[PDB]
Each structure stands twice: as C-alpha cells, then as structure tokens.
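See structure below.
Just so you know, these numbers use all the heavy atoms, side chains as well, and skip hydrogens, waters and symmetry mates. Both counts, for ligands and for their atoms, begin at 1 and track the order of listing. Naming: A, B, ... by sequence-line order, numbering from 1 per chain.
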Amino acid sequence: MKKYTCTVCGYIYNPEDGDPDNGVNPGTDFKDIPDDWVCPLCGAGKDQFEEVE
Amino acid sequence: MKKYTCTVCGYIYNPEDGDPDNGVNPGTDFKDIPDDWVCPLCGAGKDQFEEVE
Amino acid sequence: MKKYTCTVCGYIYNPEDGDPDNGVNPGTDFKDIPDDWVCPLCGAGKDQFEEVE
Ligand SMILES: [Fe+3]
Ligand SMILES: [Fe+3]
Ligand SMILES: [Fe+3]
C-alpha cells in the first residue's frame, strides 16, 4: 500500500500504522478511510492529501 | 476498458458511463480522458487514480 | 507543481516564484513550505490554502 502526505502540514499517512486513535485501524488503505477523516496534525480533509510515490 | 478509482475519495470512473457533465463521453478509456480532468467528487488529479481490482 | 490560493485574501502561492523574502525559495512545493510560514498579505496559515485545479 501507498503512503499519502498531507499537503497542508506534511503529515504522512502510513497504511501499516493506520491512525487507530481516530478509528483508522493499522493496515487500512487510504482509499478505504472514511471521507470525513482529517489529518491528525492539522485537521485538513482527505482531499488535501496526495500519494507519496 | 477497466474501471479506475480515485484513491483520495473512492469515486469510480466507469468507462461505460464516462463523466458526460465534464465532457468525458461513455466509452472513454481512462488514459484518454483529457489530463486536466479531475475527480468530480474531490478534485484530485488523474495521478491519484488506480485501476480497480 | 500546483498553485495554491489563500481562501482569506486570494493571494496565490506559485511554486515557481516561491516567497523568497520570507524564506521560501523558487521551486518549493507547497507541501514542503515550513509549517510556520503564513500568507504574506493576511497572515493566514497553510491550513487556509486550497489547491487551484
Ligand atoms: Fe496535515
Ligand atoms: Fe476523488
Ligand atoms: Fe491570505
């Protein structure tokens, strides 16, 4: 699975880690995260993220 | 022609339906969509899409 | 690289120009701007910016 970065603050969503404290379990692909989830560090929406590659 | 999904919001581009409101007619293969077209639901570019399955 | 717009005042961050007098050199992608940088016209943080197309 691909990592994604928050364009507003640079937070990296790592699929292996997930974001469990906000209900995104380890191993969740970014496309499968609920579309109301926001960046844990700056509150930016998913639409402000892009693939690392 | 295969379906493609926006990995940022989960939108599925289906070639049989196209995206006629933004000038992408039914029968347009994903690679042939004008490269300035974005995801109708979250504004992500074609570079954030992935072939389904 | 994508241009970003300040939703508070309309200032456009252009990656090719950067914002050199506030330490952001030409060629800096918005996601790589240090997170304490603000819009030079209105003081808005990076969180008030949105990608243009
Ligand atoms: Fe963020
Ligand atoms: Fe999308
Ligand atoms: Fe501003």
Side-chain angles (χ1 to χ4, degrees), chain A residues 1-15 17-24 28-53, chain B residues 2-15 17-22 24 28 30 33-52, chain C residues 2-15 17-24 28-53:
Chain A
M1 292 176 278
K2 196 85 73 167
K3 294 181 177 183
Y4 284 70
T5 183
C6 177
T7 58
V8 168
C9 76
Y11 168 79
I12 297 158
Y13 178 72
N14 184 351
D17 298 338
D19 182 26
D21 290 328
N22 296 292
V24 179
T28 304
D29 197 8
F30 193 77
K31 60 163 293 181
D32 296 323
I33 294 178
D35 288 345
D36 61 348
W37 172 90
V38 297
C39 176
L41 299 189
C42 75
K46 281 184 83 183
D47 61 352
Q48 291 196 289
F49 282 64
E50 60 179 38
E51 295 176 17
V52 168
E53 306 184 280
Chain B
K2 290 278 294 176
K3 298 171 191 177
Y4 277 73
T5 186
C6 179
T7 64
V8 172
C9 76
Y11 169 84
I12 299 169
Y13 177 74
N14 181 351
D17 302 324
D19 181 31
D21 294 336
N22 298 117
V24 181
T28 305
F30 192 74
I33 295 176
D35 283 340
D36 61 346
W37 172 93
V38 293
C39 178
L41 306 184
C42 75
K46 296 181 71 194
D47 64 327
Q48 305 307 121
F49 284 64
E50 156 187 284
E51 196 177 62
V52 171
Chain C
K2 291 295 180 297
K3 286 53 185 150
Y4 279 68
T5 181
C6 179
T7 62
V8 182
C9 76
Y11 170 82
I12 295 167
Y13 179 73
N14 184 159
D17 299 331
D19 179 25
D21 292 313
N22 298 286
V24 180
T28 305
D29 194 295
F30 187 81
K31 75 184 192 299
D32 294 324
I33 292 180
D35 288 343
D36 63 342
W37 171 92
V38 297
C39 173
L41 304 190
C42 76
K46 292 177 73 188
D47 68 303
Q48 299 297 333
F49 283 71
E50 300 298 327
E51 190 183 284
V52 72
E53 284 68 78

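- Distances shorter than 2.8 Å separate the Fe ion (ligand 2) from the protein N/O/S atoms B:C6 SG, B:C9 SG, B:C39 SG, B:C42 SG.
- Pairs of residues two or more places apart, or lying in two chains, that qualify as salt bridge (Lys or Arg N to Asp or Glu O under 4.0 Å) and include a residue from residues 32-45 of chain A are A:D35-A:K46.
- With contacts defined as side-chain heavy-atom distances shorter than 4.5 Å, the pair A:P40/A:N22 qualifies.
- Residues passing the salt bridge (charged side-chain N to carboxylate O under 4.0 Å, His left out) test with A:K31: none are found, sequence neighbours excluded.
- Considering only residues two or more places apart in sequence or on other chains, B:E51 meets the salt bridge (charged side-chain N to carboxylate O under 4.0 Å, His left out) condition with none of them.
- With a 4.5 Å cut-off on side-chain heavy atoms, A:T28 and A:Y13 count as touching.
- For the pair C:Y11 and C:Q48, the minimum side-chain heavy-atom distance is 4.5 Å or more.
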